[PDB]
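>>> sequence unavailable; structure follows:
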């Protein structure tokens, strides 16, 4: 059975509430780096072939209503780890276009360790069975049928894995940008 995970089991603990702001600014710099790497510029006049992205909203002046395009990939990472009983262990911390140019850290530099490779595979195996069941929940009440890739793990493709391994490691790559190593236990 494809195994989903929930986000509303517990309120967010205090060592993890003040964690979000560095994680949300880092997920802001990575949702912008994918789109602003070709020649798109945020502006006013909205179309498809006029090289202006209206969806590129900044992180600075955002209120409560227009937050759920950034926090929505976050709530499927932070509270989903909080759906098993995982408490973060902390260690010693350490290390053109026209518009928004963040001096952030790319996700193409973090090579994990053994305690984090064995933990991120628990997240990367998890993320495939959620969306496999998310489409199962989407496609059973509309006259649902059968899906090809609900099969066991060694009989999949590479593009759906590489697109979902990166988001599961988006915690651990950013946690090694901050430098807090996690133990397995």
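On my side now, so go ahead. Numbering: from 1, shown residues only.

>>> neighbouring contacts of stretch 86-104?
The contact list for stretch 86-104, computed with CB atoms under 8 Å, 6 or more residues apart in numbering, reads 13, 15-16, 19, 25-26, 28-30, 32-33, 36, 39, 41-42, 56, 58, 175, 177-183. Every C-beta, even on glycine, is put in place using the N, C-alpha and C of the backbone.

>>> from these, list the buried ones, please.
16, 19, 26, 28-30, 32, 36, 42, 56, 175, 177-178, 180, 182 (16 or more other CB atoms under 10 Å).

>>> hang on, the earlier thing: sitting in helices, which of the contacts of stretch 86-104 do you find?
15-16, 25-26, 28-30, 32-33, 175, 177-178 (DSSP state H).

>>> out of the residues you listed, which is nearest to residue 147?
Closest approach to residue 147 among these (CB to CB): residue 30, at 29.1 Å.

>>> so what's the closest one closest to, chain neighbours aside?
residue 107 (6.3 Å; CB to CB, 6 or more residues apart in numbering).

>>> where does the one you found land in three-state SS?
coil (DSSP: H, G, I helix; E, B strand; the rest coil).

>>> what helix or strand is the most centrally placed residue in the chain located in?
A centroid search over the chain (CA atoms, centre = their mean) returns residue 167, at 3.9 Å, as the residue closest to the centre. Under the criterion of DSSP states H and E, residue 167 resides in helix 159-168.

>>> so what touches the longest helix anywhere in the chain?
As assigned by DSSP H, the longest helix anywhere in the chain is helix 114-138. Contact with helix 114-138 is made by 2-5, 76, 80-81, 112, 144, 147, 149-150, 153, 156, 160-161, 164-165, 167-169, 171-172, 175-176, 181-184, as judged by CB under 8 Å, 6+ apart.

>>> helix, strand or coil for residue 74?
Under three-state DSSP, residue 74 comes out as helix.

>>> residues in contact with residue 2?
By CB under 8 Å, 6+ apart, the contact list for residue 2 reads 129-130, 132-133, 136, 150.

>>> could these be laid out in JSON lines, adding distance to residue 100?
Formatted as JSON lines, the contacts of residue 2 follow (distance: CB to CB, whole Å):
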{"residue": "129", "distance to residue 100": "35"}
{"residue": "130", "distance to residue 100": "31"}
{"residue": "132", "distance to residue 100": "35"}
{"residue": "133", "distance to residue 100": "36"}
{"residue": "136", "distance to residue 100": "38"}
{"residue": "150", "distance to residue 100": "40"}
